[PDB]
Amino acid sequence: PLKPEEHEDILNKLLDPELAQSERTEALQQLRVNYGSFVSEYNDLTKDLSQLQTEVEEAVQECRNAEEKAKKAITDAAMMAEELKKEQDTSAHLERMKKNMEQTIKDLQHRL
């Protein structure tokens, strides 16, 4: 888009009514094209901004999903860790009884 000082210069060249009609129409073309392109680019950058805001919110919502999924996973892992410890104790106890009964069987086998 034209800078305000360049727009002003076109305005001041158009201030002379003695200006040649070829440069008069040329300057009028400059303002016309510049303004049409300006409104187009303005509208373009406007919708770009509204979409970028939706882009932010979607990213934040994908972050809300991810952080909550992680937290649930961490809690479930801790719960299973507690349950695993209990089961390890049961297996250790059952292993010791297996050894005890293995020893008892050998004694019985030697006595028969």
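In case it trips you up, residue 1 is the first one in the sequence shown, and so on.
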ask   = Can you tell me which stretch has the higher mean Cα B-factor, 5 to 13 or 97 to 105?
value = 5 to 13
query = Mean C-alpha B-factor higher for 61 to 69, or for 38 to 46?
reply = 61 to 69
remark   = By the entry's values, the third containing the CA B factor of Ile74 is the middle
key: Relative C-alpha B-factor of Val56, binned into the chain's lowest, middle or highest third   = highest
